[PDB]
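In what follows, a structure is listed as structure tokens, so that the remarks can point back to it.
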Amino acid sequence: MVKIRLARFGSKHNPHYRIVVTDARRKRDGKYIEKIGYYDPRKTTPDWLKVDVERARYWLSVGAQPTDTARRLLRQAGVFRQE
Amino acid sequence: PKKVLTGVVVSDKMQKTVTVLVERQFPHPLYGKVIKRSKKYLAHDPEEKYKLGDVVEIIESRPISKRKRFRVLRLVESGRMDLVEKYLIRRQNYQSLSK
Amino acid sequence: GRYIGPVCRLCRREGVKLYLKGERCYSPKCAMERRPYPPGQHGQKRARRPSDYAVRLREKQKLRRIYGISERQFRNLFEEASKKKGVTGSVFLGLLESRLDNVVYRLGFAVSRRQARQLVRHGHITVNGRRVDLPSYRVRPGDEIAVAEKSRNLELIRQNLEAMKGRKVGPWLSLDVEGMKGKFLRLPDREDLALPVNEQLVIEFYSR
Amino acid sequence: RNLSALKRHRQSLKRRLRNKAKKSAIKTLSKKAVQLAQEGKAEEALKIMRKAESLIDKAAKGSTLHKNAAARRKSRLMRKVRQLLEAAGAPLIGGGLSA
RNA sequence: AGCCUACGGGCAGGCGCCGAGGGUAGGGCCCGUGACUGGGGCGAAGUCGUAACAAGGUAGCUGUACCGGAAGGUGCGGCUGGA
RNA sequence: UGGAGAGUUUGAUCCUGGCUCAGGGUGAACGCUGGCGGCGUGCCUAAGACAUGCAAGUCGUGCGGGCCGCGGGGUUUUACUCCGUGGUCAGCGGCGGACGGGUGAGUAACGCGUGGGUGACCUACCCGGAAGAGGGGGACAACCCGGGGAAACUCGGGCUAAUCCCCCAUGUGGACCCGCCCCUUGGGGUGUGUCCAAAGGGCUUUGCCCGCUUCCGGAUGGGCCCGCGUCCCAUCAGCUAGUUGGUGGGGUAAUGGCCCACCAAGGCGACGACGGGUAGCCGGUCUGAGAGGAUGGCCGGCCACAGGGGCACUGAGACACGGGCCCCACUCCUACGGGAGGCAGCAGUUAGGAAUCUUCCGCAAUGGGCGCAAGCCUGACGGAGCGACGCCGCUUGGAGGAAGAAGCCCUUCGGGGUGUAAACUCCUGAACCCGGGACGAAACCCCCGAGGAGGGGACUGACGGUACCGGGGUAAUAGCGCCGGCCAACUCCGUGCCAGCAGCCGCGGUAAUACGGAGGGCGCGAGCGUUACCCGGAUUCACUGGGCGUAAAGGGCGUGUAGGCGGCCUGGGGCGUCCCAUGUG
Ligand SMILES: [Mg+2]
Ligand SMILES: [Mg+2]
Ligand SMILES: [Mg+2]
Ligand SMILES: [Mg+2]
Ligand SMILES: [Mg+2]
Ligand SMILES: [Mg+2]
Ligand SMILES: [Mg+2]
Ligand SMILES: [Mg+2]
Ligand SMILES: [Mg+2]
Ligand SMILES: [Mg+2]
Ligand SMILES: [Mg+2]
Ligand SMILES: [Mg+2]
Ligand SMILES: [Mg+2]
Ligand SMILES: [Mg+2]
Ligand SMILES: [Mg+2]
Ligand SMILES: [Mg+2]
Ligand SMILES: [Mg+2]
Ligand SMILES: [Mg+2]
Ligand SMILES: [Mg+2]
Ligand SMILES: [Mg+2]
Ligand SMILES: [Mg+2]
Ligand SMILES: [Mg+2]
Ligand SMILES: [Mg+2]
Ligand SMILES: [Mg+2]
Ligand SMILES: [Mg+2]
Ligand SMILES: [Mg+2]
Ligand SMILES: [Mg+2]
Ligand SMILES: [Mg+2]
Ligand SMILES: [Mg+2]
Ligand SMILES: [Mg+2]
Ligand SMILES: [Mg+2]
Ligand SMILES: [Mg+2]
Ligand SMILES: [Mg+2]
Ligand SMILES: [Mg+2]
Ligand SMILES: [Mg+2]
Ligand SMILES: [Mg+2]
Ligand SMILES: [Mg+2]
Ligand SMILES: [Mg+2]
Ligand SMILES: [Mg+2]
Ligand SMILES: [Mg+2]
Ligand SMILES: [Mg+2]
Ligand SMILES: [Mg+2]
Ligand SMILES: [Mg+2]
Ligand SMILES: [Mg+2]
Ligand SMILES: [Mg+2]
Ligand SMILES: [Mg+2]
Ligand SMILES: [Mg+2]
Ligand SMILES: [Mg+2]
Ligand SMILES: [Mg+2]
Ligand SMILES: [Mg+2]
Ligand SMILES: [Mg+2]
Ligand SMILES: [Mg+2]
Ligand SMILES: [Mg+2]
Ligand SMILES: [Mg+2]
Ligand SMILES: [Mg+2]
Ligand SMILES: [Mg+2]
Ligand SMILES: [Mg+2]
Ligand SMILES: [Mg+2]
Ligand SMILES: [Mg+2]
Ligand SMILES: [Mg+2]
Ligand SMILES: [Mg+2]
Ligand SMILES: [Mg+2]
Ligand SMILES: [Mg+2]
Ligand SMILES: [Mg+2]
Ligand SMILES: [Mg+2]
Ligand SMILES: [Mg+2]
Ligand SMILES: [Mg+2]
Ligand SMILES: [Mg+2]
Ligand SMILES: [Mg+2]
Ligand SMILES: [Mg+2]
Ligand SMILES: [Mg+2]
Ligand SMILES: [Mg+2]
Ligand SMILES: [Mg+2]
Ligand SMILES: [Mg+2]
Ligand SMILES: [Mg+2]
Ligand SMILES: [Mg+2]
Ligand SMILES: [Mg+2]
Ligand SMILES: [Mg+2]
Ligand SMILES: [Mg+2]
Ligand SMILES: [Mg+2]
Ligand SMILES: [Mg+2]
Ligand SMILES: [Mg+2]
Ligand SMILES: [Mg+2]
Ligand SMILES: [Mg+2]
Ligand SMILES: [Mg+2]
Ligand SMILES: [Mg+2]
Ligand SMILES: [Mg+2]
Ligand SMILES: [Mg+2]
Ligand SMILES: [Mg+2]
Ligand SMILES: [Mg+2]
Ligand SMILES: [Mg+2]
Ligand SMILES: [Mg+2]
Ligand SMILES: [Mg+2]
Ligand SMILES: [Mg+2]
Ligand SMILES: [Mg+2]
Ligand SMILES: [Mg+2]
Ligand SMILES: [Mg+2]
Ligand SMILES: [Mg+2]
Ligand SMILES: [Mg+2]
Ligand SMILES: [Mg+2]
Ligand SMILES: [Mg+2]
Ligand SMILES: [Mg+2]
Ligand SMILES: [Mg+2]
Ligand SMILES: [Mg+2]
Ligand SMILES: [Mg+2]
Ligand SMILES: [Mg+2]
Ligand SMILES: [Mg+2]
Ligand SMILES: [Mg+2]
Ligand SMILES: [Mg+2]
Ligand SMILES: [Mg+2]
Ligand SMILES: [Mg+2]
Ligand SMILES: [Mg+2]
Ligand SMILES: [Mg+2]
Ligand SMILES: [Mg+2]
Ligand SMILES: [Mg+2]
Ligand SMILES: [Mg+2]
Ligand SMILES: [Mg+2]
Ligand SMILES: [Mg+2]
Ligand SMILES: [Mg+2]
Ligand SMILES: [Mg+2]
Ligand SMILES: [Mg+2]
Ligand SMILES: [Mg+2]
Ligand SMILES: [Mg+2]
Ligand SMILES: [Mg+2]
Ligand SMILES: [Mg+2]
Ligand SMILES: [Mg+2]
Ligand SMILES: [Mg+2]
Ligand SMILES: [Mg+2]
Ligand SMILES: [Mg+2]
Ligand SMILES: [Mg+2]
Ligand SMILES: [Mg+2]
Ligand SMILES: [Mg+2]
Ligand SMILES: [Mg+2]
Ligand SMILES: [Mg+2]
Ligand SMILES: [Mg+2]
Ligand SMILES: [Mg+2]
Ligand SMILES: [Mg+2]
Ligand SMILES: [Mg+2]
Ligand SMILES: [Mg+2]
Ligand SMILES: [Mg+2]
Ligand SMILES: [Mg+2]
Ligand SMILES: [Mg+2]
Ligand SMILES: [Mg+2]
Ligand SMILES: [Mg+2]
Ligand SMILES: [Mg+2]
Ligand SMILES: [Mg+2]
Ligand SMILES: [Mg+2]
Ligand SMILES: [Mg+2]
Ligand SMILES: [Mg+2]
Ligand SMILES: [Mg+2]
Ligand SMILES: [Mg+2]
Ligand SMILES: [Mg+2]
Ligand SMILES: [Mg+2]
Ligand SMILES: [Mg+2]
Ligand SMILES: [Mg+2]
Ligand SMILES: [Mg+2]
Ligand SMILES: [Mg+2]
Ligand SMILES: [Mg+2]
Ligand SMILES: [Mg+2]
Ligand SMILES: [Mg+2]
Ligand SMILES: [Mg+2]
Ligand SMILES: [Mg+2]
Ligand SMILES: [Mg+2]
Ligand SMILES: [Mg+2]
Ligand SMILES: [Mg+2]
Ligand SMILES: [Mg+2]
Ligand SMILES: [Mg+2]
Ligand SMILES: [Mg+2]
Ligand SMILES: [Mg+2]
Ligand SMILES: [Mg+2]
Ligand SMILES: [Mg+2]
Ligand SMILES: [Mg+2]
Ligand SMILES: [Mg+2]
Ligand SMILES: [Mg+2]
Ligand SMILES: [Mg+2]
Ligand SMILES: [Mg+2]
Ligand SMILES: [Mg+2]
Ligand SMILES: [Mg+2]
Ligand SMILES: [Mg+2]
Ligand SMILES: [Mg+2]
Ligand SMILES: [Mg+2]
Ligand SMILES: [Mg+2]
Ligand SMILES: [Mg+2]
Ligand SMILES: [Mg+2]
Ligand SMILES: [Mg+2]
Ligand SMILES: [Mg+2]
Ligand SMILES: [Mg+2]
Ligand SMILES: [Mg+2]
Ligand SMILES: [Mg+2]
Ligand SMILES: [Mg+2]
Ligand SMILES: [Mg+2]
Ligand SMILES: [Mg+2]
Ligand SMILES: [Mg+2]
Ligand SMILES: [Mg+2]
Ligand SMILES: [Mg+2]
Ligand SMILES: [Mg+2]
Ligand SMILES: [Mg+2]
Ligand SMILES: [Mg+2]
Ligand SMILES: [Mg+2]
Ligand SMILES: [Mg+2]
Ligand SMILES: [Mg+2]
Ligand SMILES: [Mg+2]
Ligand SMILES: [Mg+2]
Ligand SMILES: [Mg+2]
Ligand SMILES: [Mg+2]
Ligand SMILES: [Mg+2]
Ligand SMILES: [Mg+2]
Ligand SMILES: [Mg+2]
Ligand SMILES: [Mg+2]
Ligand SMILES: [Mg+2]
Ligand SMILES: [Mg+2]
Ligand SMILES: [Mg+2]
Ligand SMILES: [Mg+2]
Ligand SMILES: [Mg+2]
Ligand SMILES: [Mg+2]
Ligand SMILES: [Mg+2]
Ligand SMILES: [Mg+2]
Ligand SMILES: [Mg+2]
Ligand SMILES: [Mg+2]
Ligand SMILES: [Mg+2]
Ligand SMILES: [Mg+2]
Ligand SMILES: [Mg+2]
Ligand SMILES: [Mg+2]
Ligand SMILES: [Mg+2]
Ligand SMILES: [Mg+2]
Ligand SMILES: [Mg+2]
Ligand SMILES: [Mg+2]
Ligand SMILES: [Mg+2]
Ligand SMILES: [Mg+2]
Ligand SMILES: [Mg+2]
Ligand SMILES: [Mg+2]
Ligand SMILES: [Mg+2]
Ligand SMILES: [Mg+2]
Ligand SMILES: [Mg+2]
Ligand SMILES: [Mg+2]
Ligand SMILES: [Mg+2]
Ligand SMILES: [Mg+2]
Ligand SMILES: [Mg+2]
Ligand SMILES: [Mg+2]
Ligand SMILES: [Mg+2]
Ligand SMILES: [Mg+2]
Ligand SMILES: [Mg+2]
Ligand SMILES: [Mg+2]
Ligand SMILES: [Mg+2]
Ligand SMILES: [Mg+2]
Ligand SMILES: [Mg+2]
Ligand SMILES: [Mg+2]
Ligand SMILES: [Mg+2]
Ligand SMILES: [Mg+2]
Ligand SMILES: [Mg+2]
Ligand SMILES: [Mg+2]
Ligand SMILES: [Mg+2]
Ligand SMILES: [Mg+2]
Ligand SMILES: [Mg+2]
Ligand SMILES: [Mg+2]
Ligand SMILES: [Zn+2]
């Protein structure tokens with residue numbers, strides 16, 4: 001099924017993941033349906049994370065599927081908090 | 001979408017089918033000069049109502065046969081053998097080429 | 001690795017005075033004023049008519065020898081100076097004086113452009129309170145080019161800085177002989193710099 | 001090398017049999033019907049047709065015959081049985097076809 | 001005619017269509033090579049004449065034809081890039 | 001915001017004109033040389049052949065059993081075997097093996113690119129919505145007996161479980177013949193008839209959860225079709241029997257000559273059919289002032305292939321690299337009856353070649369598969385290793401130091417040069433030693449809440465004692481090319497058309513800045529040169545931007561076919577052309 005997950009980028013030892021929706025059968029760093037956010041695993045900068053929760057909601061609804069670590073990042077970005 | 005173009009019928013000999021010749025023009029990639037170019041299409045005519053020398057509009061359609069993939073949409077203007085002659089003459093001259 | 005080796009021979013070749021060294025170049029010789037002619041067995045022979053290439057070349061090498069910088073580096077800048085909008089000629093000089101090790105010299109902390117690099121690599125330097133040893137560093141505008149914490153008390157540093165006071169330096173520079181700090185006020189300027197080199201000559205040389 | 005992918009192969013063999021067996025019954029039953037249809041005996045030519053329509057949809061549940069193919073069969077199948085009996089007879093049995 | 005069967009039918013098996021490839025025959029293209037042979041190019045000296053550049057010592061050139069060790073000569077017509 | 005040319009035809013000149021060079025680029029290789037580190041990159045040739053290891057599995061919350069543990073026994077008691085639980089080995093059953101990873105062979109093609117179509121279609125797992133699960137029955141492995149075989153495996157006989165197979169029912173709904181309605185290619189609605197459903201398992205057990213059945217919608221992926229764009233040869237000019245179309249049928253998820261019977265006689269071609277030759281295509285990459293030219297390795301997208309060649313089976317999906325069958329070639333085992341194997345996966349071996357790497361660490365991270373989860377597997381991947389192969393940072397010191405050591409070179413013998421260069425003085429402190437030492441890692445999971453939202457709690461680092469910080473701390477590799485003109489850089493000696501140089505022009509035949517050594521000089525620098533290749537210069541295939549009286553080039557002359565091009569005025573259309581918005585890029 002379609003998934004939301006992190007595709008590695010940036011140099012060696014300098015990981016820079018990119019939150020995104022793609023088909024599970026893609027090759028990770030492959031062609032993705034649409035980027036939805038980035039996330040630096042080292043907070044080298046103030047914006048060490050970000051998410052377009054607008055569409056992120058859309059994807060989860062149409063049937064998307066997050067990794068368990070894409071869960072952490074979306075949850076932290078407050079995607080599931082409804083009130 | 002569902003492309004549609006206009007051209008003259010140059011063949012009707014087939015059963016429920018007609019060959020339509022469509023010109024098209026465009027500037028030469030390197031030399032600019034608007035150059036002409038054309039191509040025959042086998043169109044589906046489920047009544048052979050359209051006849052030789054007819055100018056028509058054929059539309060991209062579901063595959064009817066090996067070559068037939070356009071149905072004739074509507075008659076633009078009847079009778080224009082003058083155009084057919086050009087195409088027939090263009091052919092005639094080919095005889096005068098071989099050896 | 002940089003130049004290393006007889007430098008005053010350069011003073012002699014380019015024919016112009018190259019103020020690389022400290023005391024000497026102001027004494028009765030930058031090597032010059034005793035042997036104003038070029039090195040080698042000849043040099044003091046009837047000089048030969050120079051080609052356009054001779055000129056564009058030397059005027060280029062004269063600027064490079066000045067900053068005592070590598071050919072690979074020198075070149076990667078000229079091209080970088082072209083991409084940037086703004087008189088490529090002056091701009092290239094701009095990127096040059098922004099070069100850290102050079103800042104250290106223009107701020108008087110060192111007797112030579114070369115001893116400036118030394119001070120830098122050995123880490124005796126800082127920039128906004130952070131050690132730096134790469135002479136290459138592009139000094140942005142508004143940077144605390146200060147002496148290193150450890151380095152402050154040191155025969156040379158003290159001595160150089162001591163000799164430095166009173167001597168107003170650099171229109172785009174701000175020396176603080178107090179804390180031995182200094183600031184890159186802003187990128188230099190066409191006339192703020194003075195150098196025995198028509199920059200246009202280097203432009204013409206790198207057209208080939 | 002003892003990779004138990006043959007677990008799958010051993011299965012595909014057991015599977016192929018069920019598929020072939022399911023499908024042959026169809027073809028033979030379908031023919032046994034239409035032959036009765038063209039002949040005349042609508043009293044049972046339809047009786048068999050129901051048995052086909054069922055047996056079709058039956059395997060149609062399984063991995064065998066599936067998709068619109070279930071329909072394609074049932075289509076041409078009961079389509080032919082109608083015309084055959086239509087050759088003088090009238091839908092004797094109410095079963096199968098709707099008047 | 002074996003097997004299974006709730007007797008409706010299924011499996012195995014048989015035959016046929018097509019069929020990988022193989023065989024036989026005859027064609028097409030291309031490549032390598034071949035006694036010998038044709039001209040072409042280059043190389044210290046070569047042998048024979050001297051056609052051309054000046055009326056090149058018969059103005060030259062040319063299409064063609066015949067002839068001659070060789071350049072070449074000659075016939076017919078053409079050109080001036082000859083007078 | 002971007003554009004340089006030179007040398008060489010002559011006694012000399014101008015023009016024409018070829019050749020050659022200076023530039024940039026590389027998956028490079030070769031010579032000489034070689035210190036440090038970071039990020040990258042590395043069989044371009046034999047799609048030749050491969051020892052060994054490792055690369056796809058997982059679920060006991062679908063089911064029975066073998067073996068071995070630990071806890072219990074059983075019937076008033078004992079054989080035992082029953083129960084519970086943990087591991088383990090296979091089997092049955094489920095999902096994955098079609099992704100991921102490799103290669104460029106083939107393919108000149110709707111293959112690819114780009115923009116569209118599908119009233120002609122499919123889409124496992126995931127999401128939304130609607131509805132449902134009553135009853136009955138069967139078989140086959142594992143297991144047991146016997147027998148064949150060297151082995152691989154195999155024949156027969158006998159039991160058994162289930163989310164395996166099957167019959168009956170309920171039919172929310174769906175499928176099909178037929179009619180009507182609407183819409184218009186097979187789209188949607190409706191009526192009569194016929195046909196089709198389901199599986200259980202777990203727990204905190206009457207409740208919750210994983211799962212199952214039918215239909216509709218969504219998301220993702222994909223099949224098929226169409227316009228236009230995509231190499232050389234015209235010394236390939238004619239091509240065609242499924243050939244082109246039709247009716248009917250076969251087949252498919254679906255259109256279609258994709259296949260078939262019957263009919264009609266057509267389809268294509270100088271706008272280059274057919275044939276030959278070459279080739280994976282693209283985003284991009286290199287060059288260039290640009291227009292162009294060249295190109296497709298790393299990365300991403302698509303395609304195609306898995307020693308050669310066919311084929312179907314299973315499946316939502318395949319003609320399936322580590323599945324099956326057959327033929328061919330090679331490899332191996334054999335008791336000659338027979339049997340096993342496939343690196344263009346990661347390493348590594350071999351052959352070839354000028355040339356291309358470690359049989360390393362680790363699932364900690366990301367991603368993938370399976371599972372309620374724990375977890376398992378993952379040569380995808382994250383890291384490390386080797387190679388100046390590329391890019392970037394960097395070291396071999398810094399200041400002082402003679403009208404100038406020594407040695408060597410030149411000399412008009414007075415001197416001039418290497419040369420502030422060295423020594424020496426002082427200063428800093430690569431290497432090395434010691435201490436400290438990560439980010440990458442918060443989620444899965446555990447209680448509060450409700451298993452949701454929210455809160456709280458804990459575990460996990462291959463790289464690595466590495467980066468980095470702090471303290472101590474030694475002056476500590478330099479080459480290679482060139483010096484006649486292009487083209488920066490000159491003298492001495494040796495050599496005498498010899499030896500040799502050479503990219504073109506050319507140098508050497510006693511006085512060579514061209515050969516060889518030295519001195520000095522110039523240019524780059526852990527590199528420098530060489531060879532090969534691409535663009536440049538080349539304005540020399542000229543659209544930008546060339547020509548044809550004598551330099552290469554007007555057809556021997558006409559007539560004329562197709563094509564190309566065409567006077568003045570008025571109006572219609574709006575194809576070219578132009579502007580805008582929008583989608584795509
Ligand atoms: Mg993308
Ligand atoms: Mg995680
Ligand atoms: Mg247009
Ligand atoms: Mg057809
Ligand atoms: Mg048809
Ligand atoms: Mg003729
Ligand atoms: Mg011809
Ligand atoms: Mg002829
Ligand atoms: Mg012929
Ligand atoms: Mg370079
Ligand atoms: Mg310190
Ligand atoms: Mg330039
Ligand atoms: Mg240029
Ligand atoms: Mg196998
Ligand atoms: Mg198993
Ligand atoms: Mg299985
Ligand atoms: Mg009977
Ligand atoms: Mg067949
Ligand atoms: Mg046959
Ligand atoms: Mg054959
Ligand atoms: Mg054959
Ligand atoms: Mg044959
Ligand atoms: Mg014969
Ligand atoms: Mg050949
Ligand atoms: Mg021959
Ligand atoms: Mg001959
Ligand atoms: Mg010969
Ligand atoms: Mg020659
Ligand atoms: Mg010779
Ligand atoms: Mg004569
Ligand atoms: Mg004479
Ligand atoms: Mg004479
Ligand atoms: Mg005469
Ligand atoms: Mg004459
Ligand atoms: Mg003649
Ligand atoms: Mg002639
Ligand atoms: Mg004779
Ligand atoms: Mg003779
Ligand atoms: Mg004669
Ligand atoms: Mg004459
Ligand atoms: Mg005449
Ligand atoms: Mg005349
Ligand atoms: Mg005359
Ligand atoms: Mg004359
Ligand atoms: Mg006269
Ligand atoms: Mg402008
Ligand atoms: Mg430029
Ligand atoms: Mg020449
Ligand atoms: Mg010459
Ligand atoms: Mg001449
Ligand atoms: Mg001359
Ligand atoms: Mg002459
Ligand atoms: Mg002359
Ligand atoms: Mg020239
Ligand atoms: Mg050339
Ligand atoms: Mg080059
Ligand atoms: Mg290369
Ligand atoms: Mg070497
Ligand atoms: Mg990189
Ligand atoms: Mg490396
Ligand atoms: Mg290869
Ligand atoms: Mg290649
Ligand atoms: Mg190989
Ligand atoms: Mg492993
Ligand atoms: Mg597996
Ligand atoms: Mg494995
Ligand atoms: Mg036991
Ligand atoms: Mg035990
Ligand atoms: Mg016990
Ligand atoms: Mg006992
Ligand atoms: Mg017991
Ligand atoms: Mg016992
Ligand atoms: Mg037990
Ligand atoms: Mg098991
Ligand atoms: Mg199984
Ligand atoms: Mg299932
Ligand atoms: Mg794959
Ligand atoms: Mg692949
Ligand atoms: Mg890889
Ligand atoms: Mg990869
Ligand atoms: Mg490989
Ligand atoms: Mg490889
Ligand atoms: Mg290739
Ligand atoms: Mg296509
Ligand atoms: Mg195409
Ligand atoms: Mg297309
Ligand atoms: Mg497309
Ligand atoms: Mg598109
Ligand atoms: Mg589409
Ligand atoms: Mg789907
Ligand atoms: Mg879809
Ligand atoms: Mg699935
Ligand atoms: Mg649902
Ligand atoms: Mg419903
Ligand atoms: Mg059975
Ligand atoms: Mg058995
Ligand atoms: Mg038993
Ligand atoms: Mg035995
Ligand atoms: Mg048995
Ligand atoms: Mg049983
Ligand atoms: Mg049972
Ligand atoms: Mg049962
Ligand atoms: Mg109605
Ligand atoms: Mg209605
Ligand atoms: Mg309808
Ligand atoms: Mg429908
Ligand atoms: Mg209906
Ligand atoms: Mg019924
Ligand atoms: Mg039923
Ligand atoms: Mg109870
Ligand atoms: Mg209950
Ligand atoms: Mg309860
Ligand atoms: Mg569960
Ligand atoms: Mg709906
Ligand atoms: Mg809808
Ligand atoms: Mg669906
Ligand atoms: Mg798909
Ligand atoms: Mg599509
Ligand atoms: Mg499909
Ligand atoms: Mg295009
Ligand atoms: Mg095309
Ligand atoms: Mg291209
Ligand atoms: Mg050609
Ligand atoms: Mg030929
Ligand atoms: Mg031919
Ligand atoms: Mg022809
Ligand atoms: Mg022929
Ligand atoms: Mg036929
Ligand atoms: Mg049909
Ligand atoms: Mg299907
Ligand atoms: Mg059809
Ligand atoms: Mg066909
Ligand atoms: Mg048909
Ligand atoms: Mg036929
Ligand atoms: Mg037949
Ligand atoms: Mg017919
Ligand atoms: Mg007839
Ligand atoms: Mg007939
Ligand atoms: Mg006929
Ligand atoms: Mg014909
Ligand atoms: Mg014809
Ligand atoms: Mg055409
Ligand atoms: Mg052609
Ligand atoms: Mg290639
Ligand atoms: Mg290829
Ligand atoms: Mg391109
Ligand atoms: Mg390239
Ligand atoms: Mg450019
Ligand atoms: Mg370009
Ligand atoms: Mg390549
Ligand atoms: Mg490769
Ligand atoms: Mg193949
Ligand atoms: Mg194969
Ligand atoms: Mg499946
Ligand atoms: Mg298949
Ligand atoms: Mg395949
Ligand atoms: Mg496979
Ligand atoms: Mg296969
Ligand atoms: Mg393999
Ligand atoms: Mg399989
Ligand atoms: Mg064999
Ligand atoms: Mg052996
Ligand atoms: Mg043996
Ligand atoms: Mg043997
Ligand atoms: Mg034996
Ligand atoms: Mg035996
Ligand atoms: Mg046998
Ligand atoms: Mg054998
Ligand atoms: Mg390997
Ligand atoms: Mg292996
Ligand atoms: Mg490998
Ligand atoms: Mg290797
Ligand atoms: Mg080797
Ligand atoms: Mg070798
Ligand atoms: Mg590697
Ligand atoms: Mg993860
Ligand atoms: Mg994971
Ligand atoms: Mg729990
Ligand atoms: Mg376990
Ligand atoms: Mg494993
Ligand atoms: Mg491993
Ligand atoms: Mg790796
Ligand atoms: Mg090298
Ligand atoms: Mg080496
Ligand atoms: Mg470097
Ligand atoms: Mg003195
Ligand atoms: Mg001196
Ligand atoms: Mg002296
Ligand atoms: Mg001395
Ligand atoms: Mg002298
Ligand atoms: Mg002396
Ligand atoms: Mg003197
Ligand atoms: Mg003296
Ligand atoms: Mg000493
Ligand atoms: Mg001092
Ligand atoms: Mg000391
Ligand atoms: Mg220290
Ligand atoms: Mg260290
Ligand atoms: Mg330590
Ligand atoms: Mg610690
Ligand atoms: Mg996490
Ligand atoms: Mg938490
Ligand atoms: Mg994890
Ligand atoms: Mg997991
Ligand atoms: Mg609770
Ligand atoms: Mg709880
Ligand atoms: Mg929570
Ligand atoms: Mg650790
Ligand atoms: Mg460790
Ligand atoms: Mg330590
Ligand atoms: Mg010391
Ligand atoms: Mg030293
Ligand atoms: Mg020293
Ligand atoms: Mg050089
Ligand atoms: Mg020179
Ligand atoms: Mg030279
Ligand atoms: Mg030169
Ligand atoms: Mg040169
Ligand atoms: Mg000699
Ligand atoms: Mg001599
Ligand atoms: Mg001499
Ligand atoms: Mg001489
Ligand atoms: Mg010399
Ligand atoms: Mg030297
Ligand atoms: Mg370089
Ligand atoms: Mg090189
Ligand atoms: Mg090439
Ligand atoms: Mg070129
Ligand atoms: Mg040129
Ligand atoms: Mg040229
Ligand atoms: Mg040319
Ligand atoms: Mg030119
Ligand atoms: Mg052009
Ligand atoms: Mg020209
Ligand atoms: Mg001429
Ligand atoms: Mg004329
Ligand atoms: Mg002529
Ligand atoms: Mg002529
Ligand atoms: Mg003629
Ligand atoms: Mg005529
Ligand atoms: Mg004519
Ligand atoms: Mg015309
Ligand atoms: Mg006009
Ligand atoms: Mg016109
Ligand atoms: Mg008027
Ligand atoms: Mg007008
Ligand atoms: Mg008017
Ligand atoms: Mg008008
Ligand atoms: Mg228009
Ligand atoms: Mg507008
Ligand atoms: Mg616009
Ligand atoms: Mg637009
Ligand atoms: Mg847009
Ligand atoms: Mg836009
Ligand atoms: Mg964009
Ligand atoms: Zn000086």
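Every number in this text was worked out from the coordinates using simple rules, so none of it is lab data. Every residue, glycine among them, receives a Cβ derived from its backbone with ideal geometry; neighbour counts consider all protein chains shown.
Some points to look at:
- Positive-end extreme of charge dipole, chain A - chosen from A:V51, A:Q82, A:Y32 (charges on Cβ): A:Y32
- With neighbour counts taken as other beta-carbon atoms within 10 Å, the residues B:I35, B:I64 rank, fewest first, as B:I35, B:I64.
- Each listed q (0.10, 0.11 Å⁻¹) maps to a log10 I(q)/I(0) for chain A, found by the Debye formula over equal Cα scatterers with no solvent: -0.22, -0.27.
- In the stretch C:87-183, the GluC sites (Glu not before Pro) that fall in loop regions by DSSP, at most 11 other Cβ within 10 Å: C:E149, C:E178
- Sequence-separation-based contact order of chain C, relative, with Cα cut under 8 Å and 6+ spacing, percent: 19
- What separates the Cα centres of the stretch C:138-176 and the stretch B:33-81 is a distance of 86 Å.
- Computed on the Cα atoms alone, the convex hull of chain C gives a volume of 133 cubic angstrom per residue.
- Residue of C:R186, C:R130, C:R34 that the Gaussian network model of chain C assigns the largest fluctuation, springs spanning Cα pairs under 10 Å: C:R34
- A simple charge model with +1 on the Cβ of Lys and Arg, -1 on the Cβ of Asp and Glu and nothing else charged puts the dipole of chain B at about 560 debye relative to its Cα centre.
- Anchor D:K32: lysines whose Cα lies under 28 Å away (excluding residues fewer than 8 positions away in-chain): D:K14, D:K20, D:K22, D:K23, D:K41, D:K47, D:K51, D:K58, D:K61, D:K67, D:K74, D:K80
- Its relative contact order, with pairs defined as Cα atoms under 8 Å and 6+ residues apart, puts chain A at 28 percent.
- The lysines within cross-link reach of B:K3, meaning a Cα-to-Cα straight distance under 20 Å and a gap of 8 or more places when in the same chain, are B:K36, B:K39, B:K40, B:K66, B:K68.
- Cα-only radius of gyration and Dmax that characterise the protein assembly as shown, units Å: 44.5, 134
- Shape descriptor for the stretch B:49-99: Rg over Rh equals 1.12 (Cα atoms; Rh from the Kirkwood inverse mean 1/r).
- Computed from the C-beta positions of B:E77 and B:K49, the FRET efficiency with R₀ = 25 Å rounds to 0.95.
- When the inverse distances between all different Cα atoms of chain D are averaged and flipped, the Kirkwood radius reads 14.8 angstrom.
- The protein assembly as shown - share of DSSP beta bridges that are antiparallel (%, nearest 5): 95
- Per the Debye formula on identical point scatterers at the alpha carbon atoms of chain B, with no solvent, log10 I(q)/I(0) at q = 0.18, 0.22 Å⁻¹ is -0.87, -1.11.
- Estimated translational D of the stretch C:102-208 in µm²/s (Stokes, Kirkwood radius over Cα pairs; 37 °C; 0.692 mPa s): 224
- Across the stretch C:97-193, the relative contact order, built from alpha-carbon pairs under 8 Å that are at least six residues apart, equals 29 percent.
- For the cross-link pairs A:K50/C:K84; C:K62/C:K83; C:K29/C:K165, the ones whose C-alpha atoms lie over 28 Å apart are A:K50/C:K84.
- Between C:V127, C:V87, C:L77, the Cα set farthest toward the positive side of the dipole of the stretch C:76-140 (charges on each charged residue's Cβ, about the Cα centre) is that of C:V127.
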